[PDB]
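Structure data (TSV, N, CA, C and O atoms) from structure_36.tsv:
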```tsv
chain	number	residue	atom	x	y	z
A	1	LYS	N	-16.29	-26.91	-10.33
A	1	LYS	CA	-16.12	-26.75	-8.90
A	1	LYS	C	-16.01	-25.34	-8.42
A	1	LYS	O	-16.03	-24.38	-9.18
A	2	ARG	N	-15.90	-25.24	-7.10
A	2	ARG	CA	-15.81	-23.98	-6.41
A	2	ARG	C	-14.46	-23.34	-6.66
A	2	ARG	O	-13.45	-24.03	-6.79
A	3	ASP	N	-14.44	-22.03	-6.72
A	3	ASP	CA	-13.18	-21.31	-6.65
A	3	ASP	C	-13.49	-19.96	-6.03
A	3	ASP	O	-14.65	-19.65	-5.74
A	4	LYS	N	-12.46	-19.16	-5.80
A	4	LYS	CA	-12.69	-17.84	-5.25
A	4	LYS	C	-11.89	-16.81	-6.03
A	4	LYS	O	-10.88	-17.15	-6.65
A	5	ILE	N	-12.36	-15.57	-6.05
A	5	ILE	CA	-11.62	-14.49	-6.67
A	5	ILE	C	-12.04	-13.17	-6.03
A	5	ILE	O	-12.99	-13.14	-5.25
A	6	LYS	N	-11.31	-12.10	-6.37
A	6	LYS	CA	-11.66	-10.71	-6.11
A	6	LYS	C	-10.67	-9.82	-6.85
A	6	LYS	O	-9.68	-10.32	-7.38
A	7	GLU	N	-10.98	-8.51	-6.92
A	7	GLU	CA	-10.04	-7.40	-7.13
A	7	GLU	C	-10.78	-6.09	-6.91
A	7	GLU	O	-11.85	-5.90	-7.51
A	8	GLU	N	-10.23	-5.15	-6.15
A	8	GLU	CA	-10.95	-3.89	-5.99
A	8	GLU	C	-10.06	-2.73	-5.60
A	8	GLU	O	-9.26	-2.86	-4.67
A	9	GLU	N	-10.21	-1.59	-6.29
A	9	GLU	CA	-9.64	-0.29	-5.94
A	9	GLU	C	-8.14	-0.32	-5.74
A	9	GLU	O	-7.63	0.22	-4.76
A	10	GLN	N	-7.44	-0.93	-6.69
A	10	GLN	CA	-6.03	-1.26	-6.53
A	10	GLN	C	-5.17	-0.02	-6.41
A	10	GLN	O	-4.11	-0.03	-5.80
A	11	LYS	N	-5.66	1.07	-6.99
A	11	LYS	CA	-4.90	2.30	-6.94
A	11	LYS	C	-4.93	2.90	-5.55
A	11	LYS	O	-4.02	3.64	-5.17
A	12	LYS	N	-5.98	2.60	-4.77
A	12	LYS	CA	-6.14	3.22	-3.46
A	12	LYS	C	-5.01	2.81	-2.53
A	12	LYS	O	-4.33	3.66	-1.94
A	13	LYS	N	-4.76	1.50	-2.44
A	13	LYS	CA	-3.59	1.02	-1.72
A	13	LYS	C	-2.31	1.46	-2.41
A	13	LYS	O	-1.30	1.75	-1.76
A	14	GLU	N	-2.34	1.53	-3.74
A	14	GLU	CA	-1.20	2.07	-4.46
A	14	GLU	C	-1.03	3.56	-4.16
A	14	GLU	O	0.09	4.06	-4.08
A	15	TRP	N	-2.13	4.26	-3.93
A	15	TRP	CA	-2.01	5.63	-3.45
A	15	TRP	C	-1.53	5.63	-2.02
A	15	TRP	O	-0.77	6.51	-1.60
A	16	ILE	N	-1.97	4.64	-1.26
A	16	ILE	CA	-1.49	4.51	0.11
A	16	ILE	C	-0.04	4.07	0.11
A	16	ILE	O	0.69	4.31	1.08
A	17	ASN	N	0.39	3.42	-0.96
A	17	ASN	CA	1.79	3.03	-1.07
A	17	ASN	C	2.66	4.26	-1.17
A	17	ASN	O	3.79	4.27	-0.68
A	18	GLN	N	2.14	5.31	-1.79
A	18	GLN	CA	2.80	6.60	-1.68
A	18	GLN	C	2.76	7.09	-0.25
A	18	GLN	O	3.78	7.55	0.29
A	19	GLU	N	1.61	6.98	0.40
A	19	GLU	CA	1.49	7.47	1.77
A	19	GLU	C	2.19	6.53	2.73
A	19	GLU	O	2.51	6.91	3.86
A	20	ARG	N	2.43	5.30	2.31
A	20	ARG	CA	3.34	4.47	3.07
A	20	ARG	C	4.77	4.92	2.86
A	20	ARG	O	5.59	4.88	3.78
A	21	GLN	N	5.07	5.41	1.65
A	21	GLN	CA	6.46	5.66	1.26
A	21	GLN	C	7.06	6.79	2.07
A	21	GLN	O	8.26	6.78	2.36
A	22	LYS	N	6.23	7.76	2.44
A	22	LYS	CA	6.70	8.83	3.30
A	22	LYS	C	7.11	8.30	4.65
A	22	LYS	O	8.22	8.53	5.11
A	23	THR	N	6.23	7.53	5.28
A	23	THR	CA	6.58	6.94	6.56
A	23	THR	C	7.51	5.76	6.37
A	23	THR	O	8.05	5.21	7.33
A	24	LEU	N	7.66	5.31	5.13
A	24	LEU	CA	8.80	4.46	4.83
A	24	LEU	C	10.06	5.29	4.79
A	24	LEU	O	11.16	4.77	4.98
A	25	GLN	N	9.93	6.58	4.55
A	25	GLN	CA	11.13	7.39	4.43
A	25	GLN	C	11.40	8.16	5.71
A	25	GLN	O	12.55	8.43	6.05
A	26	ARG	N	10.34	8.52	6.43
A	26	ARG	CA	10.47	9.53	7.47
A	26	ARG	C	11.27	9.02	8.66
A	26	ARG	O	12.32	9.57	8.99
A	27	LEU	N	10.80	7.94	9.28
A	27	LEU	CA	11.53	7.35	10.40
A	27	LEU	C	12.86	6.80	9.93
A	27	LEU	O	13.82	6.72	10.71
A	28	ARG	N	12.97	6.50	8.64
A	28	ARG	CA	14.25	6.18	8.05
A	28	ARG	C	15.19	7.38	8.03
A	28	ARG	O	16.39	7.23	7.78
A	29	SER	N	14.66	8.58	8.25
A	29	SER	CA	15.53	9.70	8.52
A	29	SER	C	15.35	10.19	9.95
A	29	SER	O	16.22	10.87	10.51
A	30	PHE	N	14.20	9.89	10.55
A	30	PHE	CA	13.92	10.42	11.88
A	30	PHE	C	14.61	9.59	12.93
A	30	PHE	O	14.71	9.99	14.10
A	31	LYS	N	15.06	8.42	12.55
A	31	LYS	CA	15.97	7.71	13.40
A	31	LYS	C	17.30	8.40	13.23
A	31	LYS	O	17.54	9.01	12.20
```
The structure given in the file should be rewritten as structure tokens.
Amino acid sequence: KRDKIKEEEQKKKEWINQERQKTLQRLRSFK
């Protein structure tokens, strides 16, 4: 039968997770 899958460029969002982490941190101090 049918199924679905994917995976792509996981580090990019993981790199963005770093770039999220700053704005996870910044307004957490900018407040």
- Query: Looking only at the backbone, which of the residues in chain A does DSSP tag as helix (DSSP H, G or I), as a list in words?
  - Reply: residues 10, 11, 12, 13, 14, 15, 16, 17, 18, 19, 20, 21, 22, 23, 24, 25, 26, 27, 28, 29 and 30 of chain A
- Task: Go ahead and compute the interatomic distance for CA of residue 12 in chain A and atom N of residue 25 in chain A, in Å to one decimal.
- Result: 18.3 Å
Take every atom of range 10-27 of chain A listed in the file, fit an axis-aligned box around them, add 5 Å per side, and give the centre and edge lengths in Å to one decimal as lines of an AutoDock Vina configuration file.
```
center_x = 3.2
center_y = 4.2
center_z = 1.9
size_x = 31.3
size_y = 20.8
size_z = 27.7
```
- Between CA of residue 11 in chain A and CA of residue 29 in chain A, what is the spacing in Å? 26.7 Å
- Message: So the first atom is atom O of residue 9 in chain A and the second is atom O of residue 26 in chain A; what is the distance between them in Å, to one decimal place?
- Response: 26.0 Å
